[PDB]
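Single-structure report; data block below.
Proteins come first, then strands; the chains are lettered A, B, ... in the order of their sequence lines, and each starts at number 1. As the structure lists them, so they are numbered: ligands from 1, and atoms in each ligand from 1. Heavy-atom basis, side chains included; hydrogens, waters and symmetry copies ignored.
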Amino acid sequence: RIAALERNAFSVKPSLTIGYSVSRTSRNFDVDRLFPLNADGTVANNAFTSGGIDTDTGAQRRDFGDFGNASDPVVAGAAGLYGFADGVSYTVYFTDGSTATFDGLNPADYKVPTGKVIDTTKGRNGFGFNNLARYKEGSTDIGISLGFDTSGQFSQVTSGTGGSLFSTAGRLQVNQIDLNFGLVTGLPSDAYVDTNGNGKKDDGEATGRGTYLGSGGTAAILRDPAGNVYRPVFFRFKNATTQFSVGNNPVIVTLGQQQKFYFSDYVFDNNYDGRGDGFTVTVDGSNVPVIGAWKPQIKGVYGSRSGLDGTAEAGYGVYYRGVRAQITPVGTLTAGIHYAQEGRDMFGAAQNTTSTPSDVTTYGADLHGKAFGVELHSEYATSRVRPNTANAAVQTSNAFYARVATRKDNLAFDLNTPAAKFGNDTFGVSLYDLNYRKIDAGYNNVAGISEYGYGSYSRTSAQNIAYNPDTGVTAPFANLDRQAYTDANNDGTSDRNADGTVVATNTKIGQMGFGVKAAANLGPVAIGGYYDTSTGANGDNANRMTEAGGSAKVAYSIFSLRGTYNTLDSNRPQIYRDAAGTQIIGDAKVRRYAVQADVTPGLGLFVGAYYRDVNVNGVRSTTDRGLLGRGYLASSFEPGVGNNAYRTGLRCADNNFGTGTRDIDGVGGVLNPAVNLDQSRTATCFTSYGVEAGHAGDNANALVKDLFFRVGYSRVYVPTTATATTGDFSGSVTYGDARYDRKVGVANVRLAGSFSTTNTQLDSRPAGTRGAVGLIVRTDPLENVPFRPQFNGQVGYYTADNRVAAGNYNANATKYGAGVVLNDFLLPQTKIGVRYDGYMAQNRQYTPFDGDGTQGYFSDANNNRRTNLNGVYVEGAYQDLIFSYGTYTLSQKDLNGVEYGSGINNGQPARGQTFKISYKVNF
Amino acid sequence: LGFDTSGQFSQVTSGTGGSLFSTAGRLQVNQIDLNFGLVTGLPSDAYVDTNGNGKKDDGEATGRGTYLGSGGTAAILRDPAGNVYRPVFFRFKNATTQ
Amino acid sequence: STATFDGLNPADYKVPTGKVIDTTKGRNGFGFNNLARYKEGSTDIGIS
Amino acid sequence: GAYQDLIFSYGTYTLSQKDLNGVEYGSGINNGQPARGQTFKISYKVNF
Amino acid sequence: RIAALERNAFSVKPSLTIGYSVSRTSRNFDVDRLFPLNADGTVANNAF
Ligand SMILES: CCCCCCCCCCCCCCCNC(=O)[C@H](CO[C@H]1O[C@@H](CO)[C@@H](O)[C@@H](O)[C@@H]1NC(=O)CC)OP(=O)(O)OC[C@H](COC(=O)CCCCCCCCC)OC(=O)CCCCCCC
Ligand SMILES: CCCCCCCCCCCCCCCCCC(=O)N[C@@H]1[C@H](OC[C@H](OP(=O)(O)OC[C@H](COC(C)=O)OC(C)=O)C(=O)NCCCCC)O[C@@H](CO)[C@@H](O)[C@H]1O
Ligand SMILES: CC1C(O)C[C@@H](O)C(C)(C)[C@@H]1CC[C@@H](C)CCC[C@H](C)CCCC[C@H](C)CCC[C@H](C)CCC[C@H](C)CCCC(C)(C)O
Ligand SMILES: [Cu+2]
Ligand SMILES: [Cu+2]
Ligand SMILES: [Cu+2]
Ligand SMILES: [Fe+3]
Ligand SMILES: [Fe+3]
């Protein structure tokens, strides 16, 4: 009886929040860039951060201000303190009484008055000024909330009797659901009233807190003169279950919304979203008497696209059906056939609009598996698309491939595992890939009824491969397209973007070709080779792209010597930069050959000498323009004895330098415990030659346990002026890195250092000297000295002499930070703590997140400005009551010393102060 | 109809906090004076305080007018079968501020 | 304004109100209510 | 049809009303076609 | 004490309905006039 009472009882969960807060600022800069970075790269926790960490948009705690109640993001350029503070953002008044906001330090540059608006002289001269000061008037807030949770025992459903011509028994199937429900008192700030059914908040839908006054917030509170507060009670629930399965042994029928299914690639790659609402039936004949050892299986799908959706949507009156059948006659070779169809009904043929084909009918067969020591992967498809309209003129498009290679479990092809193995280690000829491709030009995700895909995933990386992990397009080979200059509006000149990149028009050409990658394992020797030619579907050599190559390695004792030859002959246009540095579209010929020798004495040390020679379009081509990466079979070898693996990808980042110019911390990464500067490569294949010693601390029997350094020298070829055939190895790069953690006593030291003396502009790094050093100390609590002190520390210096074609400017930075925590302070359970941080910078800047996956970074700019961010943060604690105080100042002067901080132009820095009293309480 | 609670939620225990350090937690027990329950209908003097002053300004909301069917005779949320529906509110009063 | 005539011949619409005149907006002022009903296929989950 | 407790119901019906001549007035858009109705349902009763 | 707890306790009753439906017609006639009539005069049950 007690269990029955508990099953359908409410758990009452009240919550109380108590806290005092005051904050005064004049510019709202950011202070999270001063705090130490943890070994996982996260910044140390403080009581002043505004938050804002978003992985989707790349936002971090360092992209927003931390004072007042405002989280104003930092603004790049001069409007912000070069990414250090908030923008100036004048306000512009209009004649009709409307207003706009101008984001700049000079309103005169407001070059965007709308068509009919005229600046009315209402403010200073029609331009106002948005106040840069934010205030949080000191107050103590008590927040009270209450929720009612359920026992969570309603996770099952049992079927009931049904039928009209008959009556089912009932209680035959038990389904596990994922319903999470309870009672809430108040609505979240992000709730809304969805009046359209799209499931998303359109333009100002309802603001559910505004629909139910008194639900939450401060705008409305349903009160009582006696002091009572009333809040509406809502029933909140999530239903994560949309599929219901019936039947156990041979036959299982699943009914639900947005059914996800997969016949094969090129036909019903309809998982990762699903296609619509309906049912799927799966029949497994693995226990049949006569034929059950072949594991016969049948799948059948019926559904309506997107369920019910309004007209003008692609899935209105459109229904899909399909059936697949497969077996495994041999060890693992599964062979299957499948029929798929999608079409409009009489209500979709009329009043649907869009462009969905009147009918698509695809047939196919596949032979994936591993049977007799070899792995086969084949696929055939036929489309027969009915292109709506009136005449239609049904169009057919096939897609066939046959590959002898190893597919992973995620259906991506692993080209590093042979799958042939025609011998042992002494004589070990290994076939890695052997494939043919006949994808037609018109075969897209509509031809074979899928969600996405069947197009080059990169067009710059391996562009014959359609495999797209983002959209779940599991398909080995892609529908290639031909690229050409656009010339949309202007005539005579090709259209370009603002950055100068070309604008291309892509026409699908399909794909047809073959490719073999193999390697023969000798004894102390090993050899490998690859060949690959792909044309358009029609076979015209105007779209051919052939890559051939081969490598040979000899490794013995502690010496290894490799030699690689790579070619790329692309009559296919290809987009790339020329010698001058302007993007172009046109055929390419790349010839590379690299001989690199390595010696490993075994004491953790290593030495490496290399000579790599690129040759683009017949000229020596100081740097290849990424063309060699257009093929998916690169297959270089690796140094070391007994390492005869022919792994795909030309390891161009081997024994060469790094060209990074961005960093999370103020100093050039030498103060970031999540960045190993000695393992930073450029990943660009150069025409150069050089040597590089080093030392690894993770390798056992090393001189120093945790020590890594990467001293190295190199010389890079550069043409005579810009495009001359003649040239010389005039460029010179001398680089060095070091990293040493150690733990002397109770403290935990960490040293990092980097150097560079480049002579030319390699990828984006200018030509000049570049050095950096950083030290991090973190003492554990001392149990001998009174107060149990626990110290910290941080120092970082960065220097760079950027010799760019527009200046010879020096960009240096200096970051420091110290702090001591007293874990035993007078009264019991009393703690005190103080941390002082500082960051000075010459011509450097911060670039905030771009709103995409890219994050913000500190870089060098020629802005003649010196930033002087400083702050002190004192955190004391009684038993569990935390007093946090913080005072920070940001001043950005110029060479003269004008002190542009606090940009009202009064010669005063921006200042921020905060005081908080925090107290966490639980019921 | 009203729904009263057991009245056993008269205590709070502090939790660990701090950024430069971390307090032990469960160190202090505070006696609070929160009286809460569930009501079905609103009183006559209830109102929607849209300014924060805590007092009824000139015709603020007349909370019975905001939620029709809460109380009174002006509005009654009914059903042809004879059922009567009244919104459920979570009423609470906090007398503790220190 | 619009009205609905329930008959197989709109010419027999002997009931134009006091001041209303048939505007030649449809075929000749008379439309035609579609006789086709559609329930687009969907799977519905209702929770209470 | 019915599997354990999942009921598949399908129905196709046709209504044609001709005159003596054979004008086939059904589906009264006057195109000589009968009225037609088709339905497909999948029903599943579940209990907590 | 258990009886006192049960006297003023809530019984939580959740309900879930799952079902797929599609229907296409051009005139919307009636089909219940075709089904057999039961001994009590009611027409046989159907899913349409
Ligand atoms: C145990 C249950 C027994 C069966 C119950 C009675 C049903 C059979 C009687 C004939 C009834 C089925 C006859 C086939 C109609 N045809 C369909 O497929 C249409 C497809 O829509 C649209 O597609 C376009 C391109 O695709 C075009 O063709 C359009 O023109 C078409 N729309 C239109 O204009 C409407 C004709 O679906 P629908 O909207 O009519 O949906 C319902 C259908 C039919 O229902 C079933 O019978 C399925 C039962 C499967 C249970 C499998 C589970 C087994 C459990 C052990 O369901 C399908 O999907 C299947 C497709 C037909 C194959 C049938 C053989 C298993
Ligand atoms: C385990 C079991 C799982 C069960 C669930 C899976 C169900 C599998 C169903 C398999 C049925 C056989 C398929 C035959 C394939 C013929 C190959 C094929 O699809 N033909 C293509 C297409 O066809 C049109 C289609 O033909 P269709 O015969 O498919 O439909 C008839 C009937 C549907 O009945 C209803 C409900 O009205 O369905 C059946 C078979 O019962 C049709 O007439 N619809 C009129 C409307 C035209 C637009 C779709 O016309 C051209 C393009 O307009 C062209 O592109 C052709 O290549
Ligand atoms: C009968 C019965 C009963 O009444 C009482 C009691 O016995 C039961 C209840 C168990 C029962 C029910 C039994 C029930 C379970 C049904 C049996 C199960 C099987 C599974 C059904 C399907 C069998 C068909 C089979 C799967 C097809 C095989 C063909 C291959 C797919 C062909 C592939 C070839 C490809 C194209 C080559 C590659 C070519 C390219 C170019 C692509 O490389
Ligand atoms: Cu911040
Ligand atoms: Cu739809
Ligand atoms: Cu997929
Ligand atoms: Fe919406
Ligand atoms: Fe008020």
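- Look at A:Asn198 and the Fe ion (ligand 7): an N/O/S atom of the residue is under 2.8 Å from the metal.
- Relative to the ring axis of A:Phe413, A:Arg403 places its NZ or CZ within 45° and under 6.0 Å from the centre.
- At a cut-off of 2.8 Å, A:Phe64 is counted among the residues with an N, O or S atom near the Cu ion (ligand 4).
- Under the 30°/60° scheme for interplanar angles, the aromatic rings of A:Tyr320 and A:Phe268 are found to stand perpendicular.
- Nearest N/O/S atom of A:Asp66 relative to the Cu ion (ligand 4): this is OD1.
- For A:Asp32, the N, O or S atom with the smallest separation from the Cu ion (ligand 4) is OD2.
- A donor-acceptor contact closer than 3.5 angstrom is absent between the side chains of A:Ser458 and A:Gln463.
- Among the atoms of A:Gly472, an N, O or S atom falls under 2.8 Å of the Cu ion (ligand 6).
- Centred on the Fe ion (ligand 7), the angle running from A:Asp202 (OD2) to A:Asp194 (OD1) is recorded as 160°, rounding to 10°.
- Put simply, the side chain of A:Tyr316 does not reach to within 4.5 Å of the side chain of A:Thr356, judged on heavy atoms.
- Checked against the 6.0 Å centroid threshold, A:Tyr873 and A:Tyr888 do not count as a close aromatic pair.
- Cation-pi check for A:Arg865 over A:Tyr82 is not met; the charged atom does not lie both under 6.0 angstrom from the ring centroid and within 45 degrees of its normal.
- The list of salt bridge (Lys or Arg N to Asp or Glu O under 4.0 Å) pairs with a residue in residues 461-471 of chain A, not counting sequence neighbours, is empty.
- Taking 2.8 Å as the criterion, A:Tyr262 does not count as a coordinating residue of the Cu ion (ligand 6), since none of its N, O or S atoms falls below it.
- Not one N/O/S atom of A:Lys201, from backbone or side chain, sits under 2.8 Å from the Fe ion (ligand 7).
- Looking only at its N/O/S atoms, A:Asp30 has OD1 as the one nearest to the Cu ion (ligand 4).
- Coordination check, A:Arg61 versus the Cu ion (ligand 4): passed, since an N/O/S atom of the residue sits under 2.8 Å.
- Here the N, O or S atom of A:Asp269 that is nearest to the Cu ion (ligand 6) is OD1.
- Taking the six-membered ring for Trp, A:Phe849 and A:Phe64 have ring centres closer than 6.0 Å.
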